[PDB]
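Student: Have a look at the structure that comes next, please.
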Amino acid sequence: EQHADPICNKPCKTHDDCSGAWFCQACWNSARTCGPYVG
C-alpha cells in the first residue's frame, strides 16, 4: 500500500493536475479529487 501521497483529495478533474503524485495520480469522477491511479 504505502499511500504516503500528498495529492490525495486534491480537487481537480484530470490526473495531470495530480502531476507530482505517485499513488493518487488519477482525479476521480464523483470525488473530483486526486484518488489512486486505478492501474
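When the header is checked for method, it gives solution NMR.
Using the three backbone atoms N, Cα and C, a Cβ is placed for every residue, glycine included.
Just lifted these from Swiss-Prot, have a look:
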{"type": "DISULFID", "residues": "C8-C24", "note": "disulfide bond"}
{"type": "DISULFID", "residues": "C12-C27", "note": "disulfide bond"}
{"type": "DISULFID", "residues": "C18-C34", "note": "disulfide bond"}
{"type": "SITE", "residues": "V38", "note": "site 'Interaction with carboxypeptidase'"}
Student: Quick one: among the recorded positions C12, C27, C34, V38, which has the most Cβ atoms sitting within 10 Å of its own Cβ?
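Tutor: It comes out as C34.
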Student: Would you say which of the disulfide-bonded residues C8, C18, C24 has the most Cβ atoms within 10 Å of its own Cβ?
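Tutor: When each Cβ's neighbours within 10 Å are tallied, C18 leads.
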Student: Looking at the recorded positions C12, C34, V38, which has the shortest Cα distance to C24 (disulfide bond)?
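Tutor: Sorting the recorded positions by distance from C24 (disulfide bond), the top entry is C34.
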Student: What's the CA to CA span in angstrom from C27 (disulfide bond) over to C34 (disulfide bond)?
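Tutor: Counting only the Cα atoms, the answer is 4 Å.
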